[PDB]
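Each remark here refers to the structure printed beneath this line.
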Amino acid sequence: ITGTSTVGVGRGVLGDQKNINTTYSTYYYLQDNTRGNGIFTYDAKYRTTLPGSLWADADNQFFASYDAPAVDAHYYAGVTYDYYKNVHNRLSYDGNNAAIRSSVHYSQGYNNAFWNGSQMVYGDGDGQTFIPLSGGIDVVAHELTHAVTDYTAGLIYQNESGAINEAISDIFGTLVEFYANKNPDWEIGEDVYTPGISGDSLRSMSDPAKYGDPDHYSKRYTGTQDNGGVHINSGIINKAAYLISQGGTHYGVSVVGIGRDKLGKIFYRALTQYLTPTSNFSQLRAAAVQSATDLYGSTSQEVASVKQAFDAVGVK
Ligand SMILES: [Ca+2]
Ligand SMILES: [Ca+2]
Ligand SMILES: [Ca+2]
Ligand SMILES: [Ca+2]
Ligand SMILES: [Zn+2]
C-alpha cells in the first residue's frame, strides 16, 4: 500500500524486543519500504489460502502473542536481504530488488516452512515439535535462499541436485545466522525445534550423523522417499562446507579451514556462475574448485582446502 514509512516496535517468538520497518496509512502495516521493492508480511489467519491479508496493526506496537511470528518473519527477511546485498552485492532474490513476501499463521499446528515459488510461508508449529518457524533466523534465511537458487542455478528438487539445493539453503541460512551474530552455530533450526528439549536441532552441519544423516558419500540414501533424500543427503555437502570453513580431520582426511567469509564467496560464485538445474555432487565439486580458482588462484590454500573437504566426504 501507499503510505508513510515509519518504525514500530514489537517482540519476537523468543520474547526479544526489536524495531521493525512499517508503513502508515490509517493502519500501520508490516511493509518495509527501505529494502528494494519492499518486504511485505501477511496474516494467513490459520487458513491455507495465500497470501492472506497484509498485516495491519492499529498502534504500531507488536507485543501480542499473535504478533510474534509476524515480527520475526518481517525482521529476519530484512536481515537476510541485508546479508545478500552487503556481502554478495545481490539485490533481493532475483537480483533486481523483487519484493519479498511472507505469510505467517499458515494452517493449524503446521510444523513446516516453505517457499512456494512466489513467497515464503511459515506454520506456527504444534508447540511440541516446533514453535512458530519464523523465530529461527537460519530457517528464514534457508527459505529465502531457496528463492535465490530458483532464480540462479535452478537446481531441480530431486536426487542429488535436490540435495545440493537443500545444502545451499542450510549453508547460507547458517552464514546469515553468523552475519546477524544471533547465538551462531553450525546447527539448523535449534531456536524453534523441540522447546521441551535443550541442546538439540533438526540437522547438524558439523556432525550430520548426530541425527542420522550421512556424512560421507558411501552412506548416501538411494531410496525414493523425500524426493530421493534431499533433506538427508544434504548432510554430505553440509559436512563438506563445514570442513572448508572450520577444518578438521574426517575419515582420515585432514582439511585446513579457510573461514566462513571465503566459504560464502566460493559457494555463492559456484551457485551463480557454474551450477545448472541437473548438477550432481561431482559437478558441485568441480564448480567449487573452479570458483575457488577464479577467486584465489589454482595453487592457493583455498583451492587445496576445497579439494580436501570433498575428498573427506567421498565426492570425486
Ligand atoms: Ca498493536
Ligand atoms: Ca543459533
Ligand atoms: Ca543455527
Ligand atoms: Ca529443542
Ligand atoms: Zn529447504
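Numbering starts fresh at 1 for the residues of each chain in the C-alpha cells, the chains themselves are lettered A, B, ... in the order given, and ligands are numbered from 1 as they appear.
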
Polymer residues at most 6 Å from residue 12 (chain A), only C-alpha atoms, same-chain spacing of 5 or more positions, as an MDAnalysis selection string: chainID A and resid 68 71:72

Expected file contents, prior selection, N, CA and C atoms, as a short mmCIF file (atom, residue, chain, number, x, y, z; two decimals), in the first residue's frame:
data_model
loop_
_atom_site.label_atom_id
_atom_site.label_comp_id
_atom_site.auth_asym_id
_atom_site.auth_seq_id
_atom_site.Cartn_x
_atom_site.Cartn_y
_atom_site.Cartn_z
N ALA A 68 3.93 -12.09 17.39
CA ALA A 68 5.29 -12.62 17.39
C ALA A 68 5.83 -13.22 16.10
N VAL A 71 6.38 -10.49 13.51
CA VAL A 71 7.52 -9.63 13.83
C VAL A 71 8.82 -10.26 13.33
N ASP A 72 9.03 -11.53 13.66
CA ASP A 72 10.25 -12.22 13.25
C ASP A 72 10.35 -12.49 11.76
#

Step by step, measure atom-to-atom distances between ligand 5 and each residue using only C-alpha atoms and all ligand atoms, keep those at most 12 Å, then write them as a PDB file with N, CA, C and O atoms, in the first residue's frame.
ATOM      1  N   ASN A 112       6.046 -26.777   9.553  1.00  0.00           N
ATOM      2  CA  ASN A 112       6.816 -26.616   8.340  1.00  0.00           C
ATOM      3  C   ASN A 112       6.865 -25.159   7.894  1.00  0.00           C
ATOM      4  O   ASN A 112       6.069 -24.333   8.335  1.00  0.00           O
ATOM      5  N   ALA A 113       7.834 -24.860   7.039  1.00  0.00           N
ATOM      6  CA  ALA A 113       8.000 -23.535   6.455  1.00  0.00           C
ATOM      7  C   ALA A 113       8.432 -23.854   5.034  1.00  0.00           C
ATOM      8  O   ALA A 113       9.064 -24.880   4.804  1.00  0.00           O
ATOM      9  N   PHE A 114       8.085 -23.006   4.076  1.00  0.00           N
ATOM     10  CA  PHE A 114       8.488 -23.281   2.707  1.00  0.00           C
ATOM     11  C   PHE A 114       8.397 -22.081   1.792  1.00  0.00           C
ATOM     12  O   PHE A 114       7.814 -21.052   2.136  1.00  0.00           O
ATOM     13  N   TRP A 115       9.020 -22.228   0.629  1.00  0.00           N
ATOM     14  CA  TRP A 115       8.998 -21.221  -0.421  1.00  0.00           C
ATOM     15  C   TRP A 115       8.112 -21.895  -1.465  1.00  0.00           C
ATOM     16  O   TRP A 115       8.415 -23.003  -1.914  1.00  0.00           O
ATOM     17  N   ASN A 116       7.012 -21.247  -1.839  1.00  0.00           N
ATOM     18  CA  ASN A 116       6.077 -21.848  -2.788  1.00  0.00           C
ATOM     19  C   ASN A 116       6.263 -21.423  -4.239  1.00  0.00           C
ATOM     20  O   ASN A 116       5.363 -21.612  -5.064  1.00  0.00           O
ATOM     21  N   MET A 120       7.310 -16.805   0.826  1.00  0.00           N
ATOM     22  CA  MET A 120       7.665 -17.669   1.947  1.00  0.00           C
ATOM     23  C   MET A 120       6.418 -17.889   2.788  1.00  0.00           C
ATOM     24  O   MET A 120       5.567 -17.005   2.889  1.00  0.00           O
ATOM     25  N   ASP A 138      17.981 -18.964  10.940  1.00  0.00           N
ATOM     26  CA  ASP A 138      18.514 -19.873   9.934  1.00  0.00           C
ATOM     27  C   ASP A 138      17.377 -20.487   9.114  1.00  0.00           C
ATOM     28  O   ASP A 138      17.574 -20.861   7.962  1.00  0.00           O
ATOM     29  N   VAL A 139      16.182 -20.553   9.694  1.00  0.00           N
ATOM     30  CA  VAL A 139      15.015 -21.085   8.993  1.00  0.00           C
ATOM     31  C   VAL A 139      14.593 -20.079   7.922  1.00  0.00           C
ATOM     32  O   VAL A 139      14.401 -20.430   6.752  1.00  0.00           O
ATOM     33  N   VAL A 140      14.446 -18.823   8.329  1.00  0.00           N
ATOM     34  CA  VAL A 140      14.049 -17.777   7.393  1.00  0.00           C
ATOM     35  C   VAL A 140      15.059 -17.649   6.254  1.00  0.00           C
ATOM     36  O   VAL A 140      14.683 -17.599   5.079  1.00  0.00           O
ATOM     37  N   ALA A 141      16.344 -17.608   6.591  1.00  0.00           N
ATOM     38  CA  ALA A 141      17.381 -17.484   5.572  1.00  0.00           C
ATOM     39  C   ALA A 141      17.411 -18.720   4.674  1.00  0.00           C
ATOM     40  O   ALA A 141      17.705 -18.618   3.483  1.00  0.00           O
ATOM     41  N   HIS A 142      17.112 -19.884   5.247  1.00  0.00           N
ATOM     42  CA  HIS A 142      17.085 -21.130   4.483  1.00  0.00           C
ATOM     43  C   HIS A 142      16.013 -21.003   3.404  1.00  0.00           C
ATOM     44  O   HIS A 142      16.242 -21.331   2.242  1.00  0.00           O
ATOM     45  N   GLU A 143      14.843 -20.503   3.789  1.00  0.00           N
ATOM     46  CA  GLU A 143      13.749 -20.364   2.836  1.00  0.00           C
ATOM     47  C   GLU A 143      13.997 -19.310   1.761  1.00  0.00           C
ATOM     48  O   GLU A 143      13.705 -19.546   0.587  1.00  0.00           O
ATOM     49  N   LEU A 144      14.532 -18.153   2.142  1.00  0.00           N
ATOM     50  CA  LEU A 144      14.776 -17.114   1.147  1.00  0.00           C
ATOM     51  C   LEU A 144      15.862 -17.569   0.181  1.00  0.00           C
ATOM     52  O   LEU A 144      15.866 -17.190  -0.988  1.00  0.00           O
ATOM     53  N   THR A 145      16.774 -18.405   0.660  1.00  0.00           N
ATOM     54  CA  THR A 145      17.837 -18.894  -0.205  1.00  0.00           C
ATOM     55  C   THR A 145      17.281 -19.843  -1.265  1.00  0.00           C
ATOM     56  O   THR A 145      17.859 -19.966  -2.345  1.00  0.00           O
ATOM     57  N   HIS A 146      16.166 -20.511  -0.975  1.00  0.00           N
ATOM     58  CA  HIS A 146      15.565 -21.388  -1.979  1.00  0.00           C
ATOM     59  C   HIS A 146      15.154 -20.505  -3.154  1.00  0.00           C
ATOM     60  O   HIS A 146      15.265 -20.910  -4.306  1.00  0.00           O
ATOM     61  N   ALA A 147      14.692 -19.293  -2.854  1.00  0.00           N
ATOM     62  CA  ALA A 147      14.280 -18.362  -3.903  1.00  0.00           C
ATOM     63  C   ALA A 147      15.494 -17.945  -4.727  1.00  0.00           C
ATOM     64  O   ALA A 147      15.415 -17.849  -5.950  1.00  0.00           O
ATOM     65  N   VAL A 148      16.615 -17.698  -4.056  1.00  0.00           N
ATOM     66  CA  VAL A 148      17.842 -17.312  -4.752  1.00  0.00           C
ATOM     67  C   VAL A 148      18.279 -18.436  -5.694  1.00  0.00           C
ATOM     68  O   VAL A 148      18.628 -18.198  -6.849  1.00  0.00           O
ATOM     69  N   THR A 149      18.254 -19.667  -5.197  1.00  0.00           N
ATOM     70  CA  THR A 149      18.648 -20.809  -6.005  1.00  0.00           C
ATOM     71  C   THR A 149      17.734 -20.943  -7.222  1.00  0.00           C
ATOM     72  O   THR A 149      18.203 -21.168  -8.336  1.00  0.00           O
ATOM     73  N   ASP A 150      16.432 -20.790  -7.008  1.00  0.00           N
ATOM     74  CA  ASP A 150      15.467 -20.896  -8.100  1.00  0.00           C
ATOM     75  C   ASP A 150      15.743 -19.900  -9.224  1.00  0.00           C
ATOM     76  O   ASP A 150      15.529 -20.209 -10.398  1.00  0.00           O
ATOM     77  N   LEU A 155      18.467 -25.542  -9.476  1.00  0.00           N
ATOM     78  CA  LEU A 155      18.603 -26.949  -9.115  1.00  0.00           C
ATOM     79  C   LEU A 155      17.254 -27.642  -8.919  1.00  0.00           C
ATOM     80  O   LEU A 155      16.442 -27.222  -8.096  1.00  0.00           O
ATOM     81  N   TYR A 157      14.512 -30.078  -7.609  1.00  0.00           N
ATOM     82  CA  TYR A 157      14.328 -30.603  -6.256  1.00  0.00           C
ATOM     83  C   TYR A 157      14.161 -32.114  -6.172  1.00  0.00           C
ATOM     84  O   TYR A 157      13.155 -32.615  -5.658  1.00  0.00           O
ATOM     85  N   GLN A 158      15.163 -32.839  -6.652  1.00  0.00           N
ATOM     86  CA  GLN A 158      15.118 -34.292  -6.636  1.00  0.00           C
ATOM     87  C   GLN A 158      16.528 -34.869  -6.688  1.00  0.00           C
ATOM     88  O   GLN A 158      17.429 -34.278  -7.282  1.00  0.00           O
ATOM     89  N   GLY A 162      18.757 -31.987  -5.895  1.00  0.00           N
ATOM     90  CA  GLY A 162      17.891 -31.536  -4.819  1.00  0.00           C
ATOM     91  C   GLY A 162      18.629 -31.458  -3.492  1.00  0.00           C
ATOM     92  O   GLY A 162      18.372 -30.568  -2.679  1.00  0.00           O
ATOM     93  N   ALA A 163      19.541 -32.400  -3.262  1.00  0.00           N
ATOM     94  CA  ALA A 163      20.320 -32.404  -2.032  1.00  0.00           C
ATOM     95  C   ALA A 163      21.236 -31.182  -2.016  1.00  0.00           C
ATOM     96  O   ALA A 163      21.472 -30.590  -0.962  1.00  0.00           O
ATOM     97  N   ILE A 164      21.759 -30.806  -3.180  1.00  0.00           N
ATOM     98  CA  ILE A 164      22.619 -29.631  -3.271  1.00  0.00           C
ATOM     99  C   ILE A 164      21.760 -28.402  -2.977  1.00  0.00           C
ATOM    100  O   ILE A 164      22.172 -27.503  -2.244  1.00  0.00           O
ATOM    101  N   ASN A 165      20.561 -28.376  -3.553  1.00  0.00           N
ATOM    102  CA  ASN A 165      19.630 -27.272  -3.342  1.00  0.00           C
ATOM    103  C   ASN A 165      19.437 -27.093  -1.832  1.00  0.00           C
ATOM    104  O   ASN A 165      19.561 -25.984  -1.301  1.00  0.00           O
ATOM    105  N   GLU A 166      19.159 -28.194  -1.142  1.00  0.00           N
ATOM    106  CA  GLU A 166      18.959 -28.165   0.304  1.00  0.00           C
ATOM    107  C   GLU A 166      20.189 -27.696   1.073  1.00  0.00           C
ATOM    108  O   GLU A 166      20.086 -26.865   1.983  1.00  0.00           O
ATOM    109  N   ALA A 167      21.350 -28.238   0.719  1.00  0.00           N
ATOM    110  CA  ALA A 167      22.590 -27.866   1.388  1.00  0.00           C
ATOM    111  C   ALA A 167      22.881 -26.380   1.216  1.00  0.00           C
ATOM    112  O   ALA A 167      23.313 -25.717   2.154  1.00  0.00           O
ATOM    113  N   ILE A 168      22.641 -25.852   0.017  1.00  0.00           N
ATOM    114  CA  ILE A 168      22.886 -24.437  -0.228  1.00  0.00           C
ATOM    115  C   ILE A 168      22.046 -23.593   0.730  1.00  0.00           C
ATOM    116  O   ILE A 168      22.531 -22.603   1.283  1.00  0.00           O
ATOM    117  N   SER A 169      20.795 -23.995   0.940  1.00  0.00           N
ATOM    118  CA  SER A 169      19.919 -23.269   1.853  1.00  0.00           C
ATOM    119  C   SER A 169      20.395 -23.375   3.305  1.00  0.00           C
ATOM    120  O   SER A 169      20.260 -22.421   4.067  1.00  0.00           O
ATOM    121  N   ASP A 170      20.952 -24.522   3.689  1.00  0.00           N
ATOM    122  CA  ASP A 170      21.460 -24.679   5.053  1.00  0.00           C
ATOM    123  C   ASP A 170      22.743 -23.872   5.228  1.00  0.00           C
ATOM    124  O   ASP A 170      22.960 -23.243   6.266  1.00  0.00           O
ATOM    125  N   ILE A 171      23.593 -23.897   4.205  1.00  0.00           N
ATOM    126  CA  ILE A 171      24.854 -23.173   4.243  1.00  0.00           C
ATOM    127  C   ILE A 171      24.617 -21.675   4.397  1.00  0.00           C
ATOM    128  O   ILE A 171      25.140 -21.043   5.315  1.00  0.00           O
ATOM    129  N   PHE A 172      23.820 -21.092   3.511  1.00  0.00           N
ATOM    130  CA  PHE A 172      23.574 -19.665   3.619  1.00  0.00           C
ATOM    131  C   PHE A 172      22.673 -19.317   4.800  1.00  0.00           C
ATOM    132  O   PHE A 172      22.757 -18.217   5.340  1.00  0.00           O
ATOM    133  N   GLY A 173      21.830 -20.254   5.223  1.00  0.00           N
ATOM    134  CA  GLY A 173      20.997 -19.990   6.384  1.00  0.00           C
ATOM    135  C   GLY A 173      21.930 -19.802   7.573  1.00  0.00           C
ATOM    136  O   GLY A 173      21.738 -18.917   8.407  1.00  0.00           O
ATOM    137  N   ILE A 188      21.054 -26.527  12.590  1.00  0.00           N
ATOM    138  CA  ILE A 188      19.917 -25.981  11.852  1.00  0.00           C
ATOM    139  C   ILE A 188      18.582 -26.079  12.591  1.00  0.00           C
ATOM    140  O   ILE A 188      18.152 -27.170  12.977  1.00  0.00           O
ATOM    141  N   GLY A 189      17.941 -24.926  12.785  1.00  0.00           N
ATOM    142  CA  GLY A 189      16.640 -24.857  13.432  1.00  0.00           C
ATOM    143  C   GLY A 189      16.586 -24.984  14.942  1.00  0.00           C
ATOM    144  O   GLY A 189      15.501 -25.117  15.512  1.00  0.00           O
ATOM    145  N   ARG A 203      18.907 -30.518  12.129  1.00  0.00           N
ATOM    146  CA  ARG A 203      20.056 -31.023  11.388  1.00  0.00           C
ATOM    147  C   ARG A 203      21.324 -30.410  11.956  1.00  0.00           C
ATOM    148  O   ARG A 203      21.284 -29.358  12.592  1.00  0.00           O
ATOM    149  N   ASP A 226      11.355 -38.704   0.363  1.00  0.00           N
ATOM    150  CA  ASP A 226      11.885 -37.346   0.444  1.00  0.00           C
ATOM    151  C   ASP A 226      12.505 -36.902  -0.885  1.00  0.00           C
ATOM    152  O   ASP A 226      13.583 -36.311  -0.915  1.00  0.00           O
ATOM    153  N   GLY A 229      15.710 -38.324  -1.038  1.00  0.00           N
ATOM    154  CA  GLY A 229      16.511 -37.963   0.121  1.00  0.00           C
ATOM    155  C   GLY A 229      17.162 -36.594   0.084  1.00  0.00           C
ATOM    156  O   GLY A 229      18.306 -36.437   0.515  1.00  0.00           O
ATOM    157  N   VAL A 230      16.441 -35.591  -0.408  1.00  0.00           N
ATOM    158  CA  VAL A 230      17.008 -34.250  -0.488  1.00  0.00           C
ATOM    159  C   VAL A 230      17.381 -33.637   0.864  1.00  0.00           C
ATOM    160  O   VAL A 230      18.338 -32.864   0.942  1.00  0.00           O
ATOM    161  N   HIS A 231      16.644 -33.973   1.923  1.00  0.00           N
ATOM    162  CA  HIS A 231      16.947 -33.435   3.248  1.00  0.00           C
ATOM    163  C   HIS A 231      17.867 -34.368   4.020  1.00  0.00           C
ATOM    164  O   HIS A 231      18.279 -34.066   5.138  1.00  0.00           O
ATOM    165  N   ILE A 232      18.174 -35.509   3.416  1.00  0.00           N
ATOM    166  CA  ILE A 232      19.044 -36.495   4.039  1.00  0.00           C
ATOM    167  C   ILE A 232      20.456 -36.385   3.480  1.00  0.00           C
ATOM    168  O   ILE A 232      21.412 -36.161   4.222  1.00  0.00           O
ATOM    169  N   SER A 234      21.782 -34.077   1.969  1.00  0.00           N
ATOM    170  CA  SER A 234      22.328 -32.731   2.058  1.00  0.00           C
ATOM    171  C   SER A 234      23.427 -32.739   3.120  1.00  0.00           C
ATOM    172  O   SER A 234      24.319 -31.897   3.111  1.00  0.00           O
TER     173      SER A 234
END

Those in region 23-230 of chain A with alpha helix (DSSP H) from DSSP, as an MDAnalysis selection string: chainID A and resid 68:88 137:151 159:180 225:229

Within 6 Å of ligand 1, counting only C-alpha atoms and all ligand atoms, residues as JSON, numbers by chain: {"A": [57, 58, 59, 60, 61, 62]}

Exercise: region 178-181 of chain A partners within 12 Å, only C-alpha atoms, chain neighbours under 5 positions left out, as a PyMOL selection string: chain A and resi 75-84+86-87+136-138+141+171-173+186-187+259-261+264

Keeping only N, CA and C atoms, write the selected residues as a PDB file, in the first residue's frame.
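The result, stored in selection.pdb:
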ATOM      1  N   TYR A  75      11.246  -9.048  10.297  1.00  0.00           N
ATOM      2  CA  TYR A  75      12.589  -8.635  10.673  1.00  0.00           C
ATOM      3  C   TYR A  75      13.693  -9.485  10.058  1.00  0.00           C
ATOM      4  N   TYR A  76      13.554 -10.803  10.141  1.00  0.00           N
ATOM      5  CA  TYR A  76      14.584 -11.676   9.599  1.00  0.00           C
ATOM      6  C   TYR A  76      14.655 -11.660   8.074  1.00  0.00           C
ATOM      7  N   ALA A  77      13.546 -11.354   7.408  1.00  0.00           N
ATOM      8  CA  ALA A  77      13.578 -11.260   5.953  1.00  0.00           C
ATOM      9  C   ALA A  77      14.465 -10.055   5.635  1.00  0.00           C
ATOM     10  N   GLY A  78      14.362  -9.019   6.465  1.00  0.00           N
ATOM     11  CA  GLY A  78      15.173  -7.828   6.270  1.00  0.00           C
ATOM     12  C   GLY A  78      16.658  -8.104   6.478  1.00  0.00           C
ATOM     13  N   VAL A  79      16.985  -8.853   7.525  1.00  0.00           N
ATOM     14  CA  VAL A  79      18.377  -9.188   7.807  1.00  0.00           C
ATOM     15  C   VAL A  79      18.957 -10.002   6.654  1.00  0.00           C
ATOM     16  N   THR A  80      18.175 -10.948   6.140  1.00  0.00           N
ATOM     17  CA  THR A  80      18.635 -11.785   5.040  1.00  0.00           C
ATOM     18  C   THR A  80      18.854 -10.938   3.787  1.00  0.00           C
ATOM     19  N   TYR A  81      17.961  -9.983   3.538  1.00  0.00           N
ATOM     20  CA  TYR A  81      18.117  -9.101   2.384  1.00  0.00           C
ATOM     21  C   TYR A  81      19.430  -8.325   2.536  1.00  0.00           C
ATOM     22  N   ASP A  82      19.688  -7.824   3.741  1.00  0.00           N
ATOM     23  CA  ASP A  82      20.913  -7.071   4.002  1.00  0.00           C
ATOM     24  C   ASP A  82      22.155  -7.917   3.755  1.00  0.00           C
ATOM     25  N   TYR A  83      22.119  -9.168   4.200  1.00  0.00           N
ATOM     26  CA  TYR A  83      23.250 -10.066   4.009  1.00  0.00           C
ATOM     27  C   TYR A  83      23.592 -10.194   2.528  1.00  0.00           C
ATOM     28  N   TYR A  84      22.604 -10.558   1.720  1.00  0.00           N
ATOM     29  CA  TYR A  84      22.843 -10.725   0.295  1.00  0.00           C
ATOM     30  C   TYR A  84      23.299  -9.446  -0.397  1.00  0.00           C
ATOM     31  N   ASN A  86      24.820  -6.606   1.146  1.00  0.00           N
ATOM     32  CA  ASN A  86      26.106  -6.151   1.664  1.00  0.00           C
ATOM     33  C   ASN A  86      27.288  -7.083   1.449  1.00  0.00           C
ATOM     34  N   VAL A  87      27.047  -8.385   1.523  1.00  0.00           N
ATOM     35  CA  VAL A  87      28.119  -9.357   1.362  1.00  0.00           C
ATOM     36  C   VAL A  87      28.323  -9.853  -0.067  1.00  0.00           C
ATOM     37  N   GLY A 136      13.253 -18.675  13.904  1.00  0.00           N
ATOM     38  CA  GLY A 136      14.616 -19.106  13.661  1.00  0.00           C
ATOM     39  C   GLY A 136      15.193 -18.362  12.475  1.00  0.00           C
ATOM     40  N   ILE A 137      16.274 -17.621  12.693  1.00  0.00           N
ATOM     41  CA  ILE A 137      16.873 -16.874  11.599  1.00  0.00           C
ATOM     42  C   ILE A 137      17.453 -17.807  10.536  1.00  0.00           C
ATOM     43  N   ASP A 138      17.981 -18.964  10.940  1.00  0.00           N
ATOM     44  CA  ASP A 138      18.514 -19.873   9.934  1.00  0.00           C
ATOM     45  C   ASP A 138      17.377 -20.487   9.114  1.00  0.00           C
ATOM     46  N   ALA A 141      16.344 -17.608   6.591  1.00  0.00           N
ATOM     47  CA  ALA A 141      17.381 -17.484   5.572  1.00  0.00           C
ATOM     48  C   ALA A 141      17.411 -18.720   4.674  1.00  0.00           C
ATOM     49  N   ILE A 171      23.593 -23.897   4.205  1.00  0.00           N
ATOM     50  CA  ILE A 171      24.854 -23.173   4.243  1.00  0.00           C
ATOM     51  C   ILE A 171      24.617 -21.675   4.397  1.00  0.00           C
ATOM     52  N   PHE A 172      23.820 -21.092   3.511  1.00  0.00           N
ATOM     53  CA  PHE A 172      23.574 -19.665   3.619  1.00  0.00           C
ATOM     54  C   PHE A 172      22.673 -19.317   4.800  1.00  0.00           C
ATOM     55  N   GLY A 173      21.830 -20.254   5.223  1.00  0.00           N
ATOM     56  CA  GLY A 173      20.997 -19.990   6.384  1.00  0.00           C
ATOM     57  C   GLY A 173      21.930 -19.802   7.573  1.00  0.00           C
ATOM     58  N   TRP A 186      26.600 -24.121  13.943  1.00  0.00           N
ATOM     59  CA  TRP A 186      26.513 -24.849  12.685  1.00  0.00           C
ATOM     60  C   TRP A 186      25.392 -25.881  12.747  1.00  0.00           C
ATOM     61  N   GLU A 187      24.379 -25.572  13.551  1.00  0.00           N
ATOM     62  CA  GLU A 187      23.211 -26.429  13.708  1.00  0.00           C
ATOM     63  C   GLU A 187      22.067 -25.753  12.966  1.00  0.00           C
ATOM     64  N   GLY A 259      37.810 -20.380   6.735  1.00  0.00           N
ATOM     65  CA  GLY A 259      36.885 -19.377   7.245  1.00  0.00           C
ATOM     66  C   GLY A 259      35.533 -19.274   6.563  1.00  0.00           C
ATOM     67  N   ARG A 260      34.577 -18.674   7.270  1.00  0.00           N
ATOM     68  CA  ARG A 260      33.215 -18.515   6.768  1.00  0.00           C
ATOM     69  C   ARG A 260      33.062 -17.555   5.596  1.00  0.00           C
ATOM     70  N   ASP A 261      33.783 -16.441   5.624  1.00  0.00           N
ATOM     71  CA  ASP A 261      33.672 -15.476   4.541  1.00  0.00           C
ATOM     72  C   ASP A 261      34.080 -16.081   3.208  1.00  0.00           C
ATOM     73  N   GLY A 264      31.570 -18.609   1.950  1.00  0.00           N
ATOM     74  CA  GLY A 264      30.442 -17.932   1.332  1.00  0.00           C
ATOM     75  C   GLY A 264      30.741 -17.446  -0.074  1.00  0.00           C
TER      76      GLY A 264
END

CA of residue 273 (chain A) to CA of residue 304 (chain A), straight-line distance in Å: 20.4 Å

Distance filter 6 Å around ligand 2, atoms: only C-alpha atoms and all ligand atoms, out as a VMD selection string: chain A and resid 183 to 185

Go ahead and save the picked residues with C-alpha atoms, as a short mmCIF file (atom, residue, chain, number, x, y, z; two decimals), in the first residue's frame.
data_model
loop_
_atom_site.label_atom_id
_atom_site.label_comp_id
_atom_site.auth_asym_id
_atom_site.auth_seq_id
_atom_site.Cartn_x
_atom_site.Cartn_y
_atom_site.Cartn_z
CA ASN A 183 23.98 -17.09 19.04
CA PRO A 184 25.58 -18.51 15.85
CA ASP A 185 26.32 -22.20 15.41
#
